[PDB]
Structures are given as C-alpha cells and as structure tokens.
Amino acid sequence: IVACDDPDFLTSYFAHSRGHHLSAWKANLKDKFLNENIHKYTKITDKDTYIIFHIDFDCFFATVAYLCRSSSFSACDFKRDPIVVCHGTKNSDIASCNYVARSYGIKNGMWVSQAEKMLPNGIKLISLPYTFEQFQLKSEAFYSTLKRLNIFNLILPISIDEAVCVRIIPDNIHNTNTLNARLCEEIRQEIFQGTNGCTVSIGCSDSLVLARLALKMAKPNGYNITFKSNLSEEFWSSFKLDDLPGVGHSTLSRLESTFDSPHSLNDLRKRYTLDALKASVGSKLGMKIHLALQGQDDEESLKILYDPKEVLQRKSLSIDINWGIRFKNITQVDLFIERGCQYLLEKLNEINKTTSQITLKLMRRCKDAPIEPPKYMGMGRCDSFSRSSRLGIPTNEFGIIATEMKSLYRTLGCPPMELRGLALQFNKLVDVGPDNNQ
C-alpha cells in the first residue's frame, strides 16, 4: 500500500494499472515494427490489390487469466460461469468478461458491483486476478504465429491482442472465398495451438472498416468474410451505431437526435444525407462516417497501409495518473511532477530523442463534487485544464523540463488538495543526430 507522495507511487501504480501495461505493450509493439522493417519496404501501393485480415483474441484477459488461474479457481468452468478480470469487489473496472458474462449483458469496462446486479440469483460472478506477464507471453505467441505463417505482406500492431494483417493478391493469381475461408481457419487453429488454448476471431474484407465490422460479427471464436460486393441490409442491420469506427459516445449521441434515433447501421444507412451528417458530427468525421457506411476507408485511415512506418513512429510521449491523487501541499505536487519528468526522460532517452514542447494536463475536483468519489481513490467528477510551453532549443535536460513543468502547474492555478489527476507530456520530438555543434 503506497500513497501518491511516496517515492514508490509511480512504479506501483504502473505495476497494477492494466491501462499502463496496455499502452506500454502498444508502444513496444510499434518500436519493434520500426526495427524489424527498417530495411524492408513491403508496404502497400495503389498498384496492389489487397485483403485485410483483422485478427483479435476473444475476451483476451479473461481467457489468459482463466488458462493460468491459480489452484484456488481450479474448478472454474470457462464456458459455464461468468468470469471477469478485475482487482476488486465493488467499484473495480471489469477489464475483461467472458461471453458467459456477456449473455447477462455485462460489458467490458463495467464495475463489479454493476455486473453482479445483472446476474439472477443462484449465479455467481467469478473474478480472476490480472496475469500481466501471461498476457505479454500469450501475445508474443500470437505475433510469432502470424509472422511464421508467411502469408501476410504487412502485419500491423493494433493492440496487445489485435493486428491488422494485409495479404497482397498478385493479379495473376485469383482470390476466392474458400481460399479466404480457409486462411482464417489456418490462422485460428495455429494461434489456438500456439497460445495453448486462446481463441481469435477474424474479419476478412477488402477494406479496414469492413474487416473491423466483420470481425465484430465473427465474435466469439469465429470468422466472417465480407467484401464490398457482399454488402447487404442483413449485414448493416446486425450492427449498432457505435459499432462503426469514428463513433464514440458523443458522436453516437449527436447522430441519435439528428436522425430520429437509428437503432442499426441499416437505419442510419437509409436515413442519412452526407450534408446533414457533416452538420451533425463535424465535416471530416462526417465524411469518414459516410465512407464507412459504404464499406470504403478514409484517406486518414489508408495511411497506415501506405506509410505504416510514418504512422507508427511515436510523435509524442506522456504519462497519465488520475487515480490516487491526494496531495496536501505544493511541495508534494512538485516532487511527484519531478518524479514523473524523470520517468518520462528515461523513456525519452531510451529512444534517443529530445523534446521541443511540453504540456501539463490536470483534473480539478468540481466545486460541488464530493472530496472522495464513489470509486476508492478515484478522480471523481472533474473539470480538466492544460497548458503547454515551447522550449527554446530541444532538450533532454531534467533541469529545464522539470522546471518548466512545475511552472505550468504553478500557472494553472489548482490548489494542491483540489488536484485529482495529472498528465505530463513531451510533444514535439527530434531525433538526436551525429552533429551536435551549436
């Protein structure tokens, strides 16, 4: 048990934070792509016809945590009991629930108390601990399998549990659905054996947006092949609005009142005009949502195939800590700001870059929000503020960066005990070259 003002707080919070493990796994996957394909150039051109295999583990954490469960859960049955991965018993986020749990309508992200209340009496929720190293190991088996199979020209990290895999079809050869239906089976089986029992689902299409939607139609433990020539009302009607890329809870809300509450992608499909759509959710987002409702990708999304190196290169670096923030005085806020900058400088140095620009974001307790929110150590309800500072010459100096960071907090005006959350960023990054003379 470690308070925010203990020198050890950052290391411990990161050791238990599944969100931190997720972002770091993500980040390490993107660097290994940039080292593996440093002199390879098997990227996607417009001269290429390609198919997208979008591959993802079914209830990833839930599965790995069950497969590696301690002897205390030996009798747990993974297709018979609702299983969640979580820290706690009340206001603890469910990082992953199995599909037994999803029948009762439990979702990823809910709290244990909120998922328990949806089970009928006589049904027990099972809560497995996080198994972070096993998550990492299993993922490694997944990416090793994909590359070993020798059937993709580009393998794109999406996640600890996801990749977009591109196969180029030479125009001599002729692709068919039984050929496709059957790479899927090879992939699913090979990953199953390699992961010692984890299952993946695959969506397969001539577009990223259709492979994403197909992947969702395929889950659990299955695969869906849906090309643009296969589109039907039956397809669109099997999706809700935020199933679509580019649609989070706010865009979703905006669409639901500009178009008389569409309930399936088919509804939205038949009721929308491009121009009312732009005016409702924003023009660029609206042109992507319009493209997506036809199965076609956007130019912003296609870049990941044409220059995946430029897309997956890290253009900023940052930490976020919005849990357990309870400082009493400014001296403690500064020391923790200092310990954050040193951690970020460690990351900046491992990648041999400087930063031109930093940013501090913070969360401040809303004036009438309780000082302790329902969630233990939660941020509670907060307004956020941020400020940025452009540094003269790019640097990796702790003196300069930490001092400007503490000044950006001194400037935002937030009393130490109203602090509930901190974010520390390095924005513009420069590679350190061989010349360093003025």
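Residues carry their position along the shown sequence, with the first being 1.
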property: Residue range whose averaged C-alpha B-factor is higher in the record, 326-334 or 240-248; result: 240-248
property: Average Cα temperature factor in the PDB entry - higher stretch of 422-430, 16-24; result: 422-430
property: Selection from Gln342, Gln136, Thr199, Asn266 [criterion: highest C-alpha temperature factor in the record]; result: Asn266
property: Per the PDB entry, maximal CA B factor within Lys40, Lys375, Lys406, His54; result: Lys40
property: Cα B factor band for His174 (lowest, middle or highest third within the chain); result: highest
property: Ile44 CA temperature factor, ranked by third within the chain; result: highest
property: Third of the chain's Cα B-factor distribution that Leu10 belongs to, per the entry; result: lowest
property: Within-chain third of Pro370 by Cα B-factor, per the entry; result: middle
property: Relative C-alpha B-factor of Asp93, binned into the chain's lowest, middle or highest third; result: lowest
